[PDB]
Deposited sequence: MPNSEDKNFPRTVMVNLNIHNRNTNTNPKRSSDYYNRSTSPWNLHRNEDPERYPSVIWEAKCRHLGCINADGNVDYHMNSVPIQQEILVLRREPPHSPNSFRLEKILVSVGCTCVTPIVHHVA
């Protein structure tokens, strides 16, 4: 396999309100880094420690937890390079789910 490859950055496209409607709702935080491509990554932060019940109240017996995705990004290498990068692997929170807590004495 090659160490260095060429990439054409002219993206071709190939084929919601859940953050508010979820029992483990979240808000998005925009993370911008001019040394990275994509420069913007949107990260989810859970709104509550617990989950929302049928009445609209917080149920503390369950937990809202972020679902993290491993993703690759391009980091400019050398720094500030307009046209050369290295792949970097990061973790990004993409939303939240409601889980039963882990309990131990």
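Missing C-alpha coordinates mark the following deposited-sequence intervals, in order: 1 to 8, 24 to 31, 122 to 123.
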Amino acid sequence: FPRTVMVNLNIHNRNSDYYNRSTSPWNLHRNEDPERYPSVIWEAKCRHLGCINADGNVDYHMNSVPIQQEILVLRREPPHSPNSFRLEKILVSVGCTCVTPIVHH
From here on, numbers count along this sequence of modelled residues.
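In the comparison with other entries of the same protein, residue 45 is given coordinates in all of those covering both sides of it, so it never reaches the one-third threshold.
Across the other compared structures of the same protein with both neighbouring residues present, residue 25 carries coordinates in every case, with no third of them leaving it out. If you average the C-alpha B-factors over 46 to 54 and over 66 to 74, the higher value belongs to 46 to 54. Just going by the entry, 55 to 63 versus 28 to 36 on mean CA temperature factor gives the higher value to 55 to 63. Taking only the listed residues 96, 87, 90, 11, the entry reports the highest CA temperature factor at 11. Residue 20: CA B factor in the middle third of modelled residues in this chain (values from the PDB entry).
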